[PDB]
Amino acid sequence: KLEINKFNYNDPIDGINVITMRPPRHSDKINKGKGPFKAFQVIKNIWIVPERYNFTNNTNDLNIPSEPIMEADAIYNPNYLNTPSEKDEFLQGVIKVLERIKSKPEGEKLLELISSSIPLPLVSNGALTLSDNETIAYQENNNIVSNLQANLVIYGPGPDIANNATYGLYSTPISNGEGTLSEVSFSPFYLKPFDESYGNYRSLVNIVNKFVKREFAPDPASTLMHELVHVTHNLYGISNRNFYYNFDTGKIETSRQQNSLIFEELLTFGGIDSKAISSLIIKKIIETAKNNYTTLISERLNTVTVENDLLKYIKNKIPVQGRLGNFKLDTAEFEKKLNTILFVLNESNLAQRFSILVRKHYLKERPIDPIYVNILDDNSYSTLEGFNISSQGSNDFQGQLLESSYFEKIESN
């Protein structure tokens, strides 16, 4: 069954699970000369790179922004994650969060799905053949030693050290059914609190009604699972980032409006706000994906004349019927898989299965200053229960209360 590879940051290069990786975005001018970076294969096709994410236009500068800040709850420190000790701490934190995710069946299945769901390769000489959309390069002394399969690369945070995000490598495959390698910027130790109503906390005696809004920290396993849901959409080539859902009208629009949310985020977060999506929207989303997949099967998959391992992996990813050269989409099985990855797989549903508290709405009503927490201390955070450790009396979400001693205040200027 699925195993997570353990590592220390100082483990030696072996060309199997420990490499020096050339950035996937190395050809962009902003990334000239960067890397390579030490990288660790935690699960087949999933790599951890203990470096700050600085490889896109909006992440290239790790300093305090030179323009009006995006988020009032951001925290900046260009020096975070530049020492070997911080890199090992980060590596251990990501491994621990992954072990937590794997500890329940829904999380194990999500990780297995990311591991196995390679992007649809290009065809060369009749064979599915790998590209940089499905691999990372092991670079040593300005030579490429090998190209190793990768569906996901997990880095540390970008400029805001308490933010988390997912980036698909190629922008047509992210949305046309092919799929694309994804990069995630993740912060296991710097967390953004949220408000939720709750009644089991120390309260002044003169307050009659105890059930009120209280501050909580998120479980970073929920935060990572949220990004892993984006990754799954990216690997299936079904991402929905140009569409906005307008809460006032219940319709999809192609530009941001007054009371709207990016549809990709509405679905990925889930919860109450996805329960009243119209049947029209759902049918359109399914038809778009079906049409994209039907086109890829006829125009690409049916040009394959060579049965290799990549074809086996693709048949496991994409439900098809028929024989070589004459495949067809297995409509019923495709619809079932698509509806799972779009409408069942989401942060709110996963959190319920892990007894993790998440906020009610993707958009927060007010910013709360980020905190630091050392999740490597098993007395604060365990792989089996997160912060909500029963033997310490912290089950039923109590361990996520922000007043808990392990949530440490950060002073920012």
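In case it trips you up, residue 1 is the first one in the sequence shown, and so on.
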item	value
276 to 284 set against 74 to 82, stretch whose average Cα temperature factor tops the other in the entry	74 to 82
Higher-B stretch (mean Cα B-factor, as the entry records it), 152 to 160 or 308 to 316	308 to 316
Largest Cα B-factor, entry values, listed residues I46, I64, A351, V373	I64
Which of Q400, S405, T20, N17 ranks first by CA B-factor in the deposited coordinates	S405
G33, C-alpha B-factor rank within chain (lowest, middle or highest third)	highest
Where the record places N57 (Cα B-factor, split into thirds across the chain)	highest
Chain thirds of CA B-factor: placement of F40	lowest
Third assignment of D378 from its chain's C-alpha B-factors	highest
Among modelled residues of the same chain, the CA temperature factor third for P121	lowest
